Every structure is written in structure tokens, then in C-alpha cells.
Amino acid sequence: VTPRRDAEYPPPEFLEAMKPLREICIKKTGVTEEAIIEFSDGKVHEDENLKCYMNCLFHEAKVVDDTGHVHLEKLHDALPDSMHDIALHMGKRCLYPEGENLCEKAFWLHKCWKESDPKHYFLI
């Protein structure tokens, strides 16, 4: 299925709310705009800087536990109300990330989400 992109979805308030965090995280990780857009709207691809950008966003958004790992309940609680059920179905077979570091774990989650629901998956 093809990615949903319109005035209503992804939720504009969420996209604007993540702007400053994206700016922080692009500066820290050196990910290209092209890697982000391609991962969001195109085919899954694996780029090292993108993985740490993904991790960076979790950290800046304060959706991590006290060891720096993604806390999926905090993440759900943080998401827009309009995404409540979308996020639940997108995340339900992505509960236990695997990876040698937090960048790899963050990428595991995004890849799993994208695989699960390519229509509603997007990357800030």
C-alpha cells in the first residue's frame, strides 16, 4: 500500500512540533534530507547517519526510559490523538528491538513500523 500524505495526515501539529527536534538531530547526526524523505515516502533503505538521527529523535522527544532505550508506552502517550489506533497497529509486531547499539535499535523500530504499515508510516 502507498504512503498517505495529505492536509490531515501526517498530523500537521505533530510535524510542526517535531521541527526543532529535527533541526537538533540533523546537526548532531549529519543525515541528509534525501535519506529521511526516501525512508519516509520511498523504499526502506539503510544509511548509518539515518539510524542515529532516528535514535536522536527518540531522545530529544523524551520517549526513552532511564537507560536511553525507547519506551513504547511513553512514545504512544506522546503521539497525536489522531494517531492513537494507527500507532497501536503499527507497533504491535515491533515490541522487542534488536541491535548492537541505540542507533541500530532505533532503525529496527522504524523499519518494523514501515514494514507493518507503509501507508501511515512517516519519518519526521
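Residue positions are given as counts along the sequence shown, with the first one as 1.
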Checklist line | Mean C-alpha temperature factor, higher of 78-86 and 47-55 | finding: 78-86
Check: For the C-alpha atoms alone, is the average B factor greater in 4-12 or in 113-121, going by the entry?
Finding: 4-12
Next item on the list: Among all modelled residues of this chain, ranked by Cα B factor, put residue 42 in the bottom, middle or top third, i.e. lowest, middle or highest.
Entry: highest
Checklist line | Third of the chain's Cα B-factor distribution that residue 25 belongs to, per the entry | finding: lowest
Checklist line | Chain thirds of CA B-factor: placement of residue 68 | finding: lowest
